[PDB]
Structure formats: structure tokens, C-alpha cells
């Protein structure tokens, strides 16, 4: 019943950009844009936790057409306007100074996307992925560990769980469990979707907990900059206690090099009860309750 590959690279769906808005506020590091595309005219359907491909125009340095780049869907299946007519992405402009000598490098697809104008036609493929799907059980617990744009799939979950319009549109899913997002970014201006995330926590204090790891504004107990692995270590016992529930699911996105720190913290917590985390975790993965998507 899960939609998959309704459109492929050889015959992509040609969508139209509706809006391209900045998510990084003044004083933040980098550029991250929220881009919404019109899906009318096609049959692209999708669910929370999936991704779509974007095929940028142009050729690479070898003269070959550019290939698709995958992006985690940032909107629920109904789209940001809950009209089942759009899809949104959370795109960071990739930019890095080339080693040994000044000159900055700009990622092809991400720069194309972050600077795209409303009305422009875009080649879209997908949806893709069955690794980050949300359980249908409204009483499940959901732990979300994310950094930067890794917030994308989490937004799809949280919006479906807590937006008034979503709850009205999803009679079959009235979330009543507990969800906890631990979000790591460099600055407060970099907290993507800050206002809406905090709105949700204020409205659902018993169903949603929000924890930040802001590196340029906070220090861990050792004096270093605060990162997501530090927050997990800080709340290791609480997280492990939740993970023990047969209905708890954990989602990780964007922790390229944080996963090891995460496991170290949970391992120490589980060890107190004579449990080897690495083994317990392997079983969670097999059971489909430990979801990971890092790149």
C-alpha cells in the first residue's frame, strides 16, 4: 500500500515550483530553503519518511547529463496546505572551500534548488524509501534524533501527529503516544522550523518533548561545543528506558558521524541492566523499529 517509484529518471514528473522560502534566520550559518512543488497534472503520491529525486539541468565536468539527487520529503502526504496537491523539500546549499586554495565550491543540485524561482519546472522522481516509515499505531512512541536537514523526515512525522489540519484530515491517526525530538544545529537562527516546533511542544507538553543541541551557544560537560551526541549522553537512561517499550520506534537522520557517540551512550545505559546495546539494536533493526538515514 506504500507508494513507490511512481515516476522514474527516464520519464520524470515535471512539477512546478510554488514557493522557495528561507529557513535560516538572520545570523545563522549557511542557506537552507523550504521549497514547495505543485503535483497537479500527475499522480505522484507519497507518505511520511520517504524521499524524492530531483534531476538538475546541465552536464557534469565530463559532459554527461547530471543524475538525480535524493531529498527527504519535508511535507506530510497531504502537503503543507493539506490539500494533497503539493510536496516540499528542506534543501541546504552545499558550499565548501576547495582544499589548499581559496575558491569556494557550490553543489550542483542543491544550488540549483536553493536559487530556483517560483513557476520554474522541475524534474521529479519517486517516491523512494521504506526505511523511515512511521507506524500506524497511534500509541507508539517516537524518538527522533536529527541534525540540520535531517529534520526533514521528522517534520513529516510531527506535522501528521500534531497539526490541527492533519488530525482533522486523518481520522485514523490521532496520535496519543510520546514523541521526542533531539535536534542539533549550530545556532538558534539555524533551528529549522523553530516557531512551529515550539508551538507543538507548548500545545502537547505530554506528547512531545523538544531538546536542542546548539554548538555555538552551548557547551557540553567537558567544555566542548554541544552536539547531539552530548544530549543523548545526557539523557541516555531516559532514552534507553523508552527504547525498551515494544512499541517505541527511533529515527535517525543527519548524524553522519554522530551515530557512534549515540551508541556509546545507549550502550552504557543498557549495560546497567545487563543488556548489550549492539545486540539489542540489531534486533530492533530486524523488527523495523530502529530507522536510520544518514548521508
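Residue numbers count along the first chain shown, from 1.
Annotation for 213-221 versus 71-79: the higher mean temperature factor (C-alpha) is found in 213-221. In this crystal structure, the stretch out of 254-262 and 27-35 whose C-alpha atoms carry the higher mean B factor is 254-262. Looking at 157, 193, 180, 175, the one whose CA carries the top B-factor in the deposited record is 175. Highest C-alpha temperature factor among 92, 85, 98, 123, as the PDB entry reports it: 98. Remark: residue 267 belongs to the highest third of its chain, ranked by C-alpha B-factor as recorded.
Split the chain's modelled residues into thirds by C-alpha temperature factor. Residue 19 is in the lowest one. Per-chain ranking of the deposited C-alpha B factor places residue 48 in the lowest third. Annotation for residue 185: CA B-factor lies in the lowest third of the chain's modelled residues. Residue-level temperature factors show residue 40 in the highest third of its chain, judged at the C-alpha atom.
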